[PDB]
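Enquirer: okay, structure incoming, though there's no sequence with it:
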């Protein structure tokens, strides 16, 4: 069984900050790798930030490096995404998804490998406006 829930998205002013939560059930996050994904109306998905089976290393987009920060909690079974220095262009619905990293072959140092997620989710709405 696999289920996930995105939370913590809302309205915020430009120059503000936000804190998202990707909670999970039926599986334990320690054995998986989790990524956060944007979606605007009719647009493709942006890979924002991600965390592997090893909590000591993480991925980030060049548009968010130095203002976004990801971390996980294996007692809460949740991945948290902090964001800061927010612009109107950051407005989107934020989704999350997992991959069975303690089971797949070697993950590259990138978010554009031929393997993909496609797990369950609901998304959480983020708007940046004064």
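Expert: Received, thanks. Numbering: from 1, shown residues only.
Enquirer: so which residues of the protein form strands?
Expert: Assigned by DSSP state E, the chain shows strands spanning 3-7, 11-12, 18-25, 33-39, 46-51, 58-60, 68-73, 78-83, 92-99, 124-128.
Enquirer: could I get these as JSON lines with distance to residue 115?
Expert: All C-beta atoms are positioned from the backbone trio N, CA, C, and that covers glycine. Putting the strands of the chain into JSON lines (distance: least, C-beta to C-beta, whole Å) gives the following:
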{"stretch": "strand 3-7", "distance to residue 115": "18"}
{"stretch": "strand 11-12", "distance to residue 115": "33"}
{"stretch": "strand 18-25", "distance to residue 115": "19"}
{"stretch": "strand 33-39", "distance to residue 115": "10"}
{"stretch": "strand 46-51", "distance to residue 115": "13"}
{"stretch": "strand 58-60", "distance to residue 115": "14"}
{"stretch": "strand 68-73", "distance to residue 115": "19"}
{"stretch": "strand 78-83", "distance to residue 115": "19"}
{"stretch": "strand 92-99", "distance to residue 115": "7"}
{"stretch": "strand 124-128", "distance to residue 115": "25"}
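Enquirer: of the ones you listed, which approaches residue 113 most closely?
Expert: Between residue 113 and these, the tightest spacing by C-beta to C-beta is seen for strand 92-99, at 9.6 Å.
Enquirer: return the distance of residue 57 relative to residue 50.
Expert: 10 Å (C-beta to C-beta, to the nearest Å).
Enquirer: the two: which is more packed in?
Expert: residue 50 (24 against 10; other C-beta atoms under 10 Å).
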